[PDB]
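Read the structure below first, then the notes.
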Number of protein chains: 2
Amino acid sequence: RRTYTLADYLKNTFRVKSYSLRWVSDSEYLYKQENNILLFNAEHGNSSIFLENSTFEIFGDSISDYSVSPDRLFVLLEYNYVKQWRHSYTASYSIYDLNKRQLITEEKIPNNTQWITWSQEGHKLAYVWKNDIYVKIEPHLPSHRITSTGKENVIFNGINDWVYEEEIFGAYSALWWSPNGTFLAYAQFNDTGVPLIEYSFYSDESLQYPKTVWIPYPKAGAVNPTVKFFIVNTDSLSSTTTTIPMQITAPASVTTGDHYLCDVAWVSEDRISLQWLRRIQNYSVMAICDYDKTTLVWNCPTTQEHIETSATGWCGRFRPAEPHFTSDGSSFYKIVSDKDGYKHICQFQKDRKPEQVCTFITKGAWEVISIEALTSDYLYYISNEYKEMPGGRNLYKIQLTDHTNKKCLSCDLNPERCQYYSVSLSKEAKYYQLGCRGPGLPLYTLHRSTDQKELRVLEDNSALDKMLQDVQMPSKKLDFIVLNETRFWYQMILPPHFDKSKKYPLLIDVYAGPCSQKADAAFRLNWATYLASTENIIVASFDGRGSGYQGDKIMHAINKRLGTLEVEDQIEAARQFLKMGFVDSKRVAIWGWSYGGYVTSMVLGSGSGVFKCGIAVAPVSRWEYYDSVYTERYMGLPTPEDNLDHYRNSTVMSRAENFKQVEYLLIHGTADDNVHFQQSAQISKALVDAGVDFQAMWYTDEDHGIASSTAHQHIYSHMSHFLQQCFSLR
Amino acid sequence: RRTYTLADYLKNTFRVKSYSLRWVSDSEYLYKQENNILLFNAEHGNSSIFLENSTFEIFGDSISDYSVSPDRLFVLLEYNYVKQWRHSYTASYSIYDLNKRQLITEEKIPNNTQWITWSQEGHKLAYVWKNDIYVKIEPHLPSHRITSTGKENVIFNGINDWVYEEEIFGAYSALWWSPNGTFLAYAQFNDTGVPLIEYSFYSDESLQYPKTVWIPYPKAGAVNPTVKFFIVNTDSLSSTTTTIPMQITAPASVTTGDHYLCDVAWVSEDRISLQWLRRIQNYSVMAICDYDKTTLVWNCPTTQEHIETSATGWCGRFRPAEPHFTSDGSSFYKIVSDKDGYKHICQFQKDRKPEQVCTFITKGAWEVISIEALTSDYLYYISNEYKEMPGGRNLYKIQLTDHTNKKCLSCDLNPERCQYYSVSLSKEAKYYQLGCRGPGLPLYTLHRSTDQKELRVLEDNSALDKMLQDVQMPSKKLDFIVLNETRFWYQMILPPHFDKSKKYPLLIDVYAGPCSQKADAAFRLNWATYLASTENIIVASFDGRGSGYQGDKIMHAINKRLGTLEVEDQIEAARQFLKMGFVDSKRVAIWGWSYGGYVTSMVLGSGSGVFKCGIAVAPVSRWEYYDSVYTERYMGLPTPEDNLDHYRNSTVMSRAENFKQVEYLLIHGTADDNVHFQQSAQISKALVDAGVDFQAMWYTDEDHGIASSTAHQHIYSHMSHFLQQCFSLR
Ligand SMILES: Cn1c(=O)c2c(nc(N3CCC[C@@H](N)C3)n2Cc2ccccc2C#N)n(C)c1=O
């Protein structure tokens, strides 16, 4: 009869387990068990020790992570990890010789590395340090400098600058070892003309004068960083002092004005696939380039250009989808919007074809989330086709030769507990692990590709199950409402003994940004749980216009004009929830983080009178303040020649007046490098000039995540009390 | 039956008048009446128009201020005023020819001047621009550049750098015209090695990238700016292209290590008086320097050195008092602590005397606040001797020849309404205006020095009086309590129909910094009024140890150890107030600004359990973060060789834990150049790491005063609501 305390959430009392493995071959994988790396044989439980409780404790308690070379002859030991942005970070490393049974101590690697990675085959290493690329053909051998143009916050070799790291590649890495590890391709960014943002850092109270941090950051419409792509022949290194990398120049239909490097993908060792994007992501080109043995140069013939375009809005969900090539690299499959606006799979030939470059393998009013594997005869993927639940995730597979032999591999399994699946296939797809994140407690099982015989159960959260028994967990409803004749899904977290006759306070959780999805069938133990289990508050989210994986008609609905429909629909959703009955019209709130904090703010400021209070954490207050890549992708350029007007008609501070009818809570990280603070400072200011009172809270030296332990606990406790005050509880 | 609304306060509904005149001669003065400058004859009401409703409206609504040359032949028109720090600011100027009846338009003065001032006689002007000194012997004539070493945030010629402006001279000016206007003395500051503080400014929401503001600011113990003093002969200018200023080097007993320039004072035209201070204000020297006609050099003979010292703490209230010389400049009177620690007046001879340099003219257990005038036979001053009320201010006068002939000139007048006087005597003291700020509504009267016959009443706030009739104004009690056998004054603002039988909530208003005084007999219409008149809250202040003008024993009580006794005593004061009866022990708060915000914080963090909640606005959180001049004056240097230990044992964040027993409100200006914000950011941080919840509020782009209109209204409304929540009202 115990409720789910805020402490339960904050102190993470009820642990949710998982099985994160690392396929080492087509039939064996690695697993961390009690700080011991084990090798499992998919087929039989056959296990074995790969690395002991030991080895790790030499560098003691600072072993951040490990990386096993693909020949399993060496292991990378990361330690002295230090964050820097979402994915960037610097560590120190040591190579462990599995055979010689000891730590390699000769040609060590720089005690401040920015990035490192094995090749795809041998024990070849490529790392970035002081912004330059270095290579080591063998763990024992000396380093070979590849670039020397590297310079802090100016020239990036093999790693992304701030914006690319966040908005394009999703990671720090800008390296790509070719198969058979001959070449090593990398990108190089010049931030030279990109403006700087400078926020203060305070550090220990012992620091008398506070430091200052600058970052080349391009806000909407400002000068963007430039790019160049190179491929260097790794095999020569031993016979020279310097090697001259060969450069690939982007395709002409892109080199006329600003543009970007979407994605890099090696096809075969003499073929590589690069995707480019215009600054206005209205257009994109994916060139295929071949290596010329004779002239030792890479060619990217317009004949193999391949163009992707969008008259509705922009390309891809957040960028063109990655291509998947066949062994002989003759054809490739890629996810693109079909004639009806539904992201599906279709075949392409290396060469382009006049208005026929595709042939879809998938049709329907649902979308393919991601291609997972390409066999000689099969294509494994993941879609939300099942039960017409766009909020669901299932693993399908199609026989290449017969586009009819399309069978779902996870639909059946456990329909009661699982509707949201994660996958992971062995090197050549002989086995495949399943990640049930589905409605019920996550269930990790492993199967044999051949006939789908579930070999065994890797992890059933039985333990967690046994613990939640003695606790009043709330429920989660996942349905859809319908407006202007269209399904719009939503999800509600209903408190324990939910009684449809009573009235409960409502809280909307928001994101609502382009291609966002808050209404899905995944299991989660978060703040909303405490809010429902113990405060008896209903937490709901609603995926409205401009969103999810329900087709472009819906997603692009927002194109060129954010702060419009996605906001309104968030309001209607509350209207609808009230019409459902069980909601106390006089106690409805709304909060959001990032984009959500925006909408939250934009909603509280609409004067709809539907909401009583809200909370915005590190919200964007006006699109000019946000980074270019993201912003422009939907908003265009903030210029009278383009879309300036819409940038201006969607300012949070312009709706200041209307904030008198609301209790508002604004929160922001003092060291937010993503959503600058300027954003909130600009908001507060506005409200103050309007004579509107509100509540604020800043978090000294916190990221855009306010994720430090102490701060994490602090901010939620605070928001809780804010809701308590607002809802007349506490 | 109307109470005094917060609006009444914020919108300044009940206007308090005053009479600010400008003595032009020993018998006439200037007064602004309905935007018309009038000339009044002290003796008869005889008036006359000096400048019309007109003239001012040419430059329209931007005429910031005016300055009339001493020959009354020209008038300075200041416009395009732009603030910059407490006193610094830049304007544009135009000279008006009273005789020719028009604006001089020939050799205009720089459209961005930093400072300007007439001589003491003619129409000579000296101004600073781009950090250099320029002179114009006549409004119509061309400018004569005096210095060329000037450079932004590096070399200051004729104006003070940040710290000197705030902590030493109290103004931007660093110019001094000699009498008979021959020489022009100025100071020059080199900030070269002074560290920088850089805070961000956000400006209009249209500014995409927020600006950054840097300032050479010396925090405790850091490298201080250096000084040099010069005197240039103004009479030569016309006969050269460049003139070479002569420099005075400070006295040897100061040039061994860091030191300061206390004060500058011209005696006669061939004599000037400079006061120097050691970085450790334990010691100070006041040299008298004479001009050598023959060698064209200034001498500052050790024979006329004059040393001031303090074994108890530091020199002066905030710096050595200014000397007052006789016509023949043979002797001078200056305020210094006597044998008992009471700031009094004593005579000095130009030459020093072995342990006898003084002869006090004033004895007693009270202090002379300030010397106001020195006649051929009289010395007018102002002390808090009357009724033994250290919180009172009265105008006394002593006959030089007879140190017995000491008569008070304002004591009698209106003992019921006035106990706090302001003065202003005509050039040679033939008349004198009185400023009654006393207990009742301010009363401005003018008298004839000769026999003190009150000529007439300049301003009686009759109007304001008539308006407050229809309003329930609160009362103000000014008494003293006694601890360890010593009088310690305090003041309480009692709500309307105050009934000693009931119980009221208590709010302590704080400063409590060295030589501070909150308990005085002055009339004021502030926030505390609304708090009492409408919220029925008692607002009280208590001048405890280390403070006021009650002698050094009390003031120096804090020396070398701030955050000690002044804090404790602030607590005892609340204890005592409770023992008085009429205070609701379960509803006692405390708030403060600046130093007060410190104590407030230090109090809430003492775990005395006496206070329920509090508010700290832009508080200092630890002395290392504050400027050198102020801090070191009481704390010394933050080094193990000196007083580091006490710097560390008085951190607000070190008392974080104890904040769980309190509702706390922290507020801070985003552009605070005085108390950096780092100070609060460091506090918040601390509390967050302690797991303590509190309430915060930042004011985007506000000074250390959060004095913009919109922000001013905003912050008080907010604090009000904070008290309402805390006191269970609203
Ligand atoms: C409550 N309260 C004060 O604390 C206060 C004050 N005047 C001063 N000063 C005298 C002139 C030089 C100036 N640097 C200091 N302080 C002290 C202070 C401490 C720390 C930071 C800023 C400040 C300021 N300004 N007043 C008027 C007042 O009400």
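We name chains A, B, ... following the order of the structure tokens; residues begin at 1 in each chain, and ligands are numbered from 1 as shown.
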
(message) Could you list the protein, DNA and RNA residues that have any atom within 10 Å of ligand 1, counting only C-alpha atoms and all ligand atoms, and write them as an NGL selection string?
(response) :B and (86 or 163-170 or 318 or 509-518 or 591-599 or 617-621 or 623 or 625-631 or 672-676 or 704-705)

Any chance you could tabulate, as CSV, the residues of chain B at most 8 Å from chain A with each one's nearest atom pair and distance in Å to one decimal, using only C-alpha atoms, in chain and rising number order?
```
residue,atom,partner,partner_atom,distance
B:196,CA,A:209,CA,8.0
B:197,CA,A:209,CA,6.8
B:198,CA,A:212,CA,7.6
B:199,CA,A:200,CA,7.3
B:200,CA,A:199,CA,7.3
B:202,CA,A:678,CA,6.6
B:205,CA,A:682,CA,6.2
B:208,CA,A:625,CA,5.8
B:209,CA,A:197,CA,6.7
B:210,CA,A:678,CA,7.1
B:212,CA,A:198,CA,7.6
B:219,CA,A:208,CA,7.6
B:624,CA,A:208,CA,6.3
B:625,CA,A:208,CA,5.9
B:678,CA,A:202,CA,6.6
B:681,CA,A:700,CA,5.5
B:682,CA,A:205,CA,6.2
B:684,CA,A:700,CA,6.9
B:685,CA,A:700,CA,5.6
B:688,CA,A:711,CA,6.2
B:689,CA,A:710,CA,5.4
B:690,CA,A:710,CA,7.9
B:691,CA,A:714,CA,6.5
B:692,CA,A:714,CA,7.9
B:693,CA,A:718,CA,7.0
B:695,CA,A:697,CA,7.0
B:696,CA,A:697,CA,5.2
B:697,CA,A:696,CA,5.2
B:698,CA,A:696,CA,7.3
B:699,CA,A:685,CA,7.0
B:700,CA,A:681,CA,5.4
B:710,CA,A:689,CA,5.2
B:711,CA,A:688,CA,6.1
B:713,CA,A:691,CA,7.7
B:714,CA,A:688,CA,6.1
B:717,CA,A:693,CA,7.9
B:718,CA,A:693,CA,6.9
```

(request) Just the residues within 8 Å of residue 533 in chain A, please, counting only C-alpha atoms, with nothing from its chain fewer than 3 positions along; format it as number ranges by chain. (result) A: 3-5, 472-474, 495-496, 529-530, 536-537

Could the residues in this selection be saved with N, CA and C atoms as a PDB file, in the first residue's frame?
```
ATOM      1  N   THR A   3       2.997   4.267  -1.929  1.00  0.00           N
ATOM      2  CA  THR A   3       2.896   4.973  -3.205  1.00  0.00           C
ATOM      3  C   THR A   3       4.315   5.045  -3.778  1.00  0.00           C
ATOM      4  N   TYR A   4       4.463   5.589  -4.985  1.00  0.00           N
ATOM      5  CA  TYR A   4       5.783   5.729  -5.603  1.00  0.00           C
ATOM      6  C   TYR A   4       6.291   7.135  -5.251  1.00  0.00           C
ATOM      7  N   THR A   5       7.120   7.216  -4.209  1.00  0.00           N
ATOM      8  CA  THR A   5       7.684   8.476  -3.715  1.00  0.00           C
ATOM      9  C   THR A   5       8.570   9.218  -4.740  1.00  0.00           C
ATOM     10  N   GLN A 472       1.786   0.816  -5.199  1.00  0.00           N
ATOM     11  CA  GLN A 472       0.645   1.234  -5.999  1.00  0.00           C
ATOM     12  C   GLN A 472       1.012   1.930  -7.306  1.00  0.00           C
ATOM     13  N   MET A 473       1.596   1.199  -8.256  1.00  0.00           N
ATOM     14  CA  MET A 473       1.970   1.784  -9.554  1.00  0.00           C
ATOM     15  C   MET A 473       0.752   2.288 -10.304  1.00  0.00           C
ATOM     16  N   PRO A 474       0.910   3.372 -11.061  1.00  0.00           N
ATOM     17  CA  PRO A 474      -0.220   3.906 -11.822  1.00  0.00           C
ATOM     18  C   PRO A 474      -0.283   3.164 -13.153  1.00  0.00           C
ATOM     19  N   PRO A 495      -3.346   7.675 -12.210  1.00  0.00           N
ATOM     20  CA  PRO A 495      -2.974   7.338 -10.833  1.00  0.00           C
ATOM     21  C   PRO A 495      -3.667   6.059 -10.350  1.00  0.00           C
ATOM     22  N   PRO A 496      -2.995   5.297  -9.492  1.00  0.00           N
ATOM     23  CA  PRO A 496      -3.463   4.042  -8.916  1.00  0.00           C
ATOM     24  C   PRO A 496      -4.905   3.616  -9.159  1.00  0.00           C
ATOM     25  N   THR A 529       5.546   9.443 -12.807  1.00  0.00           N
ATOM     26  CA  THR A 529       5.053   8.326 -12.030  1.00  0.00           C
ATOM     27  C   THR A 529       4.716   8.815 -10.633  1.00  0.00           C
ATOM     28  N   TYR A 530       5.671   9.486  -9.993  1.00  0.00           N
ATOM     29  CA  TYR A 530       5.457  10.024  -8.652  1.00  0.00           C
ATOM     30  C   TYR A 530       4.239  10.923  -8.724  1.00  0.00           C
ATOM     31  N   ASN A 536      -1.594  11.936  -7.144  1.00  0.00           N
ATOM     32  CA  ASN A 536      -2.860  11.655  -7.817  1.00  0.00           C
ATOM     33  C   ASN A 536      -3.125  12.667  -8.910  1.00  0.00           C
ATOM     34  N   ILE A 537      -2.115  12.901  -9.734  1.00  0.00           N
ATOM     35  CA  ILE A 537      -2.220  13.847 -10.822  1.00  0.00           C
ATOM     36  C   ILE A 537      -2.147  13.052 -12.100  1.00  0.00           C
TER      37      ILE A 537
END
```

(message) Using only C-alpha atoms for the distances, tell me which of B:366, B:96, B:716, B:488 is nearest to residue 55 in chain B.
(response)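 Checking each of B:366, B:96, B:716, B:488 against residue 55 in chain B, counting only C-alpha atoms, the winner is B:96.
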
(request) Determine, counting only C-alpha atoms, which protein, DNA and RNA residues have an atom within 10 Å of an atom of residue 94 in chain B; residues of the same chain fewer than 3 positions away are not included. Present the result as a PyMOL selection string. (result) chain B and resi 59+66+75-79+97+103-105+108-111+139

(request) Check the smallest atom-to-atom distance from each of B:382, B:265, B:16, B:155 to residue 411 in chain B using only C-alpha atoms, then report the winner. (result)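 Once distances to residue 411 in chain B are computed over only C-alpha atoms, the minimum belongs to B:382.
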
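Among A:428, A:132, A:277, A:242, the residue with the shortest atom-to-atom distance to residue 258 in chain A, counting only C-alpha atoms, is A:277.
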
(message) Between B:41, B:475, B:149, B:326, which residue has the minimum interatomic distance to residue 190 in chain B, considering only C-alpha atoms?
(response) B:149

(request) Using only C-alpha atoms, determine which residues lie at most 10 Å from residue 91 in chain A, disregarding the query and same-chain residues fewer than 6 positions distant; provide the list as a list in words. (result)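 The neighbour list is residues 63, 64, 65, 77, 78, 79, 80, 81, 82, 83, 110, 111, 112, 113, 114, 115 and 116 of chain A.
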
(request) Kindly indicate which residue among A:465, A:416, A:703, A:535 lies nearest to residue 85 in chain A, using only C-alpha atoms for the distances. (result) A:703

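Using only C-alpha atoms, the contacts of residue 347 in chain B at a cut-off of 7 Å, with sequence neighbours closer than 2 positions omitted, comprise residues 331, 332, 333, 334, 349, 358, 359 and 360 of chain B.
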
What would the file look like if the residues just selected were written as a CSV table (one decimal), in the first residue's frame with N, CA, C and O atoms?
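Output below, filename part.csv:
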```csv
chain,number,residue,atom,x,y,z
B,331,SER,N,46.9,77.5,9.3
B,331,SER,CA,46.4,76.4,10.1
B,331,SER,C,45.2,75.8,9.4
B,331,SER,O,44.7,76.4,8.5
B,332,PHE,N,44.8,74.6,9.8
B,332,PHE,CA,43.6,73.9,9.2
B,332,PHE,C,43.0,73.1,10.3
B,332,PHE,O,43.7,72.6,11.2
B,333,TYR,N,41.7,72.9,10.2
B,333,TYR,CA,40.9,72.1,11.1
B,333,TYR,C,40.5,70.8,10.4
B,333,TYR,O,40.1,70.9,9.2
B,334,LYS,N,40.5,69.7,11.1
B,334,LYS,CA,40.2,68.4,10.5
B,334,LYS,C,39.6,67.4,11.5
B,334,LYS,O,39.9,67.4,12.7
B,349,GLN,N,48.8,72.9,12.5
B,349,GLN,CA,49.6,74.0,12.0
B,349,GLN,C,50.2,73.4,10.7
B,349,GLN,O,50.4,72.2,10.6
B,358,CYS,N,47.9,68.0,17.1
B,358,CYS,CA,46.6,68.5,17.3
B,358,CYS,C,46.3,69.3,18.6
B,358,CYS,O,47.1,69.4,19.4
B,359,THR,N,45.0,69.7,18.6
B,359,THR,CA,44.5,70.4,19.8
B,359,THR,C,43.0,70.4,19.4
B,359,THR,O,42.5,71.0,18.5
B,360,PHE,N,42.3,69.5,20.1
B,360,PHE,CA,40.8,69.4,19.8
B,360,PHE,C,40.0,70.6,20.3
B,360,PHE,O,40.2,71.2,21.3
```

(message) I need the residue nearest residue 505 in chain A from this list: A:213, A:578, A:357, A:565. Use only C-alpha atoms for the distance.
(response)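 Closest residue, counting only C-alpha atoms: A:578.
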
(message) Report as an MDAnalysis selection string all protein, DNA and RNA residues lying within 12 Å of residue 287 in chain A, evaluated on only C-alpha atoms, omitting residues in the same chain fewer than 5 positions from it.
(response) chainID A and resid 248:254 261:267 271:277 298:308 323 350:352

(request) Using backbone DSSP assignments, extract all strand (DSSP E) residues from range 83-159 of chain B; output them as a PyMOL selection string. (result) chain B and resi 83+89-97+102-103+109-113+115-118+125-129+132-136+144-145+155-157

(request) For CA of residue 373 in chain A and CA of residue 409 in chain A, quote the distance in Å rounded to one decimal. (result) 13.7 Å
